[PDB]
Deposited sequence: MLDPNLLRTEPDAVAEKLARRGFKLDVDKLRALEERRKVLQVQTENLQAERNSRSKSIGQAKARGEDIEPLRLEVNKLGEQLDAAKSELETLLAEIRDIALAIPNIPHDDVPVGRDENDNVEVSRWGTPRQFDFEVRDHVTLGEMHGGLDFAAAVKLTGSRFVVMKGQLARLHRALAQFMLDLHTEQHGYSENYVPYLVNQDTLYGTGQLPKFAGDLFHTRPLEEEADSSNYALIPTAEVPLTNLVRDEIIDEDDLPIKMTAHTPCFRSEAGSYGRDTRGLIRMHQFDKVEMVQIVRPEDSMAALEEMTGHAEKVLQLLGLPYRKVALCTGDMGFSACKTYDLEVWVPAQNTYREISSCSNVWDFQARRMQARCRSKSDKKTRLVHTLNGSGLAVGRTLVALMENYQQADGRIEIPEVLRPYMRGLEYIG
């Protein structure tokens, strides 16, 4: 959510910044609804005042009454109707305001799509192979460790069953990422719900615009009106909402959180084969709750935390600053890490690191204050993959493959694999 006062005082300037994302704000419709809202607000608050007054006239008459009793019930009918009308108009203005993406930061290059994104840095040298490169799918079949057909039988398409040593390697990856961020990077570990409510989804921006990208659960019989849940598309959703309706002491900031969770999404034709696009995938998420003036330094730090995973694993990658047209809804500034994928002869996204500014903090009412201060202010929120675990397994398998199909275990993972050097 954008600052309502910023929409009221600078709508054409807001519209101009949003135009860079390819988003067209309907200033006229929004203005026409807001002008009508002010008329109905006055009518309603006048009705509220007259009802409260005639109610008080009854209280002093019933102590010192049917003609006044009928008048208060007639006024009560009219006010309830007036409030219902105003609330429908408020919901309509809300539907527009909550579908507005975040204003891009001035650091963000202007562009229409992913082809306009700018490479910032590059690390490592993609390996030169002495044999024909096998993809992770072929390697998974050779070890009998990645079974797509069994997952179609159990569930359907875009699911996988991992078996044996490759399942153990996938686990070792998540353990290594969690230990790195909690031991070296200052993140606190968390176990979170994998099902969340509507308030949580509005808070981080999945609602109202991206309901179709979620798996929704039908309400429970014994919880009929309180269990309309959705599976989390990322640990960012429950972790960021931990500060919803909180006033944090500024001395307690930054709040750095990490979690390892399955991620459920329903986004065809693109990446039909393998682990790249899945309905369920594991991801080690990093979330930072910071002071408004520290968010840009925190973005650089958190991106470096995700880069450290790829460097210790010895996986060559490139760092890309996303353009205005390729950014996600909540982001004001994003860096993507793209890992070398040998069988695809290109770099593929493995992490997305964002500064959300006060966008989710406004929706959530997540505030901070210095003990002295007469008023609070909204915090800033940041989130980044450190990393997507299935895509790391793809990168690891393809980059560490041996001529016979054996997978060399990266040195940093060997302590997590009981010192094992090769799979197979």
Worksheet, complete the sentence: Compared with the full deposited sequence, the modelled chain skips 65-67, 271-273
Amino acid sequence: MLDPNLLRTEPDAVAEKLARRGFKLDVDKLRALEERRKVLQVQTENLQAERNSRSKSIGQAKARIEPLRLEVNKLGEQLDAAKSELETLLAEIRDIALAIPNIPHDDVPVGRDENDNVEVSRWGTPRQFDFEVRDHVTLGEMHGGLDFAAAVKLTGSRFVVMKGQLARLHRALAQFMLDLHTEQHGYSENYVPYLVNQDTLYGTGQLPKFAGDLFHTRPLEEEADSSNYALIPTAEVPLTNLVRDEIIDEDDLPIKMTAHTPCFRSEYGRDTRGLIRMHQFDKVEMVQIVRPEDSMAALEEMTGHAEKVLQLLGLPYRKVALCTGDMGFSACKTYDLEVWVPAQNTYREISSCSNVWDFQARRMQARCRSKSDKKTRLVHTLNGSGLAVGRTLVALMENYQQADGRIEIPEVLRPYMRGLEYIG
From here on, numbers count along this sequence of modelled residues.
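C-alpha atoms forming the largest set that superposes within 1.5 Å between two forms make up the rigid core.
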Discussion item. I'd like to know which segment deviates more from the shown structure in 4 other deposited structures of this protein: 373-381 or 359-367, using C-alpha RMS over all structures and residues after a core fit.
Written reply: 373-381
Worksheet item: Looking at the entry, does 216-224 or 278-286 show the higher mean C-alpha B-factor?
Response: 216-224
Item to complete: Averaging only over Cα atoms, indicate whether 163-171 or 108-116 has the higher B-factor in the PDB entry.
Response: 108-116
Worksheet item: When you compare the CA B-factors of 256, 244, 122, 136 as listed in the entry, which one comes out on top?
Response: 122
Worksheet item: What's the residue among 363, 391, 371, 37 with the greatest CA temperature factor in the PDB record?
Response: 371
Item to complete: Taking the values exactly as deposited, rank residue 78 by C-alpha B-factor within its chain and report the matching third: lowest, middle or highest.
Response: highest
Worksheet item: If you rank every modelled residue in this chain by C-alpha B factor, which third holds residue 307: lowest, middle or highest?
Response: middle
Worksheet, complete the sentence: Tertile call for residue 191 (CA temperature factor, within chain, third-based) is the lowest
Worksheet entry | residue 316 by Cα B-factor - lowest, middle or highest third of the modelled chain | middle
Response to the item:
Here the Cα B-factor of residue 343, set against its chain, lands in the third termed highest
